[PDB]
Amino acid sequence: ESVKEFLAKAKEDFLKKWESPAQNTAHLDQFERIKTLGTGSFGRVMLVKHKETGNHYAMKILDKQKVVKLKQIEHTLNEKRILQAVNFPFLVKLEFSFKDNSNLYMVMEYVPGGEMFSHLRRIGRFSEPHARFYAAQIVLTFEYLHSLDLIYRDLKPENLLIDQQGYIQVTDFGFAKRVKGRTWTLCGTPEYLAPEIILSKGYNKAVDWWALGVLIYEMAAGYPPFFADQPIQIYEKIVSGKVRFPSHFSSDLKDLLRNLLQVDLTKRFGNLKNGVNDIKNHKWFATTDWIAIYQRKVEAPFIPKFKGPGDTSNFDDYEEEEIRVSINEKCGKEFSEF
């Protein structure tokens, strides 16, 4: 009801920040390296301590030359620019960003509770009320992002962090893009790709709603709806339409998932005339108090063990490697606006 009013105000704040950024706001010298939290093909995330506050942060470190070689220039520029402009309770806040000769740096809020993926594998599956609690937060997050014409494109439990109150913090805006109408990039996780991405025909924000369906299925089942050894075999399952649900799934849940995992774009929930309200007013979400979820007033079904600021037991261990800053500036023009 009053959501329309809240979203107009959010759009005006976003457009103000999109137009006039604040940027280049710290340096590596101000941070003490503690532990590598995770690695990838073109960078890593480290736990860092701000030297003159003692505040802990998660610092994303990206190698410029590896970003260039793997064709991730625009994606990386989009990520920093989008994170600077957005403000929502379930999005990890960007605190500082900067660059040196070799690396790009994105300093973010540290979430000690770890990935939802890790909790999901340990427990096996989430109960339907547990899954619904998380699903509600993603629904609201996508409603916020889509109204700003932002597409997320990277939904999965690995990118969902559980804070000290048991609420979701969405990380990794590497595939996020502002797009009116259509876009074309073949990016994402094979299990989470919508059929229209695979078919290479151009797509819009509706791919996020497909991805929600995959997420809800995986939270409730413990495994994704489309799975095989080969990624090429996964694509074939996705496009064929057909989904098998576990027998323990409620018939309200099966019904929500058929309207989200819908190949026909003119029939997929979130994309229709009522839009997001088709999801919000669906029977499986009947006990959800949308306002209380937004305000974080609903008591969480799971609170991670807290072991002090700067504890990393919720994360895996990795070979600690130097942050090498070259004496020569690399890829100057490519990242000039970073």
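Residue numbers run from 1 along the displayed sequence. Just so we're on the same page, rigid core means the largest C-alpha set that superposes within 1.5 Å between forms.
- Taking 34 to 42 and 293 to 301 in turn, the stretch whose Cα atoms are more displaced from the shown form in 9 other deposited structures of this protein following rigid core superposition is 34 to 42.
- With every structure aligned by its rigid core, 194 to 202 is the stretch of 194 to 202 and 212 to 220 whose CA positions lie farther away in 9 other deposited structures of this protein.
- The mean C-alpha temperature factor is higher for 22 to 30 when 22 to 30 and 274 to 282 are set side by side.
- The PDB entry reports B-factors from which the mean C-alpha value can be compared for 175 to 183 and 209 to 217; the larger average falls on 175 to 183.
- Reading the B-factor column for the CA atoms of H130, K201, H75, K156 in the entry, the top value corresponds to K201.
- Annotation for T141: C-alpha temperature factor in the lowest third relative to the rest of the modelled chain, per the entry.
- Ranked within its chain, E79 lands in the lowest third, by CA B factor from the PDB record.
- Sort the modelled residues of the chain by CA B factor and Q169 lands in the lowest third.
- Among the modelled residues of the chain, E196 sits in the lowest third by CA temperature factor in this PDB entry.
- In this PDB entry, the Cα temperature factor of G114 sits in the middle third of its chain's modelled residues.
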